[PDB]
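Enquirer: Below: the sequence, then the experimentally determined structure.
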Amino acid sequence: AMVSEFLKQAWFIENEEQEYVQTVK
């Protein structure tokens, strides 16, 4: 079978689940 774990997000990227480092306040 062919999975699309990378394609299921490659086109869909939410800011909430985006790549970013934690910055203090």
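Expert: Nice, I can see it. Numbers count the residues shown, from 1 in each chain.
Enquirer: now the helices: where do they sit in the chain?
Expert: 7-10 (DSSP state H).
Enquirer: Contacts only, for the residue of the chain most remote from its centre.
Expert: Distance from the centre of the chain peaks at residue 25, with 23.7 Å (C-alpha atoms, centre = their mean). By C-beta atoms under 8 Å, 6 or more residues apart in numbering, no residues touch residue 25. No exception for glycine: its C-beta is placed from N, CA and C like everyone else's.
Enquirer: where's it relative to residue 11, distance?
Expert: The gap separating residue 25 from residue 11 is 32 Å, by C-beta to C-beta, to the nearest Å.
Enquirer: Kindly report the same for residue 22.
Expert: In this structure, residue 22 lies at 26 Å from residue 11, with C-beta to C-beta as the measure.
Enquirer: These two: who's more crowded?
Expert: Neighbour count, other C-beta atoms under 10 Å: between residue 22 and residue 11, residue 11 has more, with 7 against 4.
Enquirer: Now the more buried one: phi and psi?
Expert: Main-chain torsions, residue 11, degrees, to the nearest 10: phi -100, psi -30.
Enquirer: And it, how close does it get to residue 17?
Expert: Distance, residue 11 to residue 17, by C-beta to C-beta: 14 Å.
Enquirer: circling back: and the residue farthest from the centre of the chain, how close does it get to residue 2?
Expert: Per C-beta to C-beta, residue 25 is found 43 Å from residue 2.
Enquirer: One more: residue 19?
Expert: From residue 19 over to residue 2 (counting by C-beta to C-beta), the distance is 25 Å.
Enquirer: What residues does residue 22 make contact with?
Expert: For residue 22, the contact set (C-beta under 8 Å, 6+ apart) is empty.
Enquirer: ditto for residue 2
Expert: Taking C-beta under 8 Å, 6+ apart, one finds nothing in contact with residue 2.
Enquirer: And the one 4 residues further on, by the same measure?
Expert: With contacts defined as C-beta under 8 Å, 6+ apart, residue 6 is in contact with no residue.
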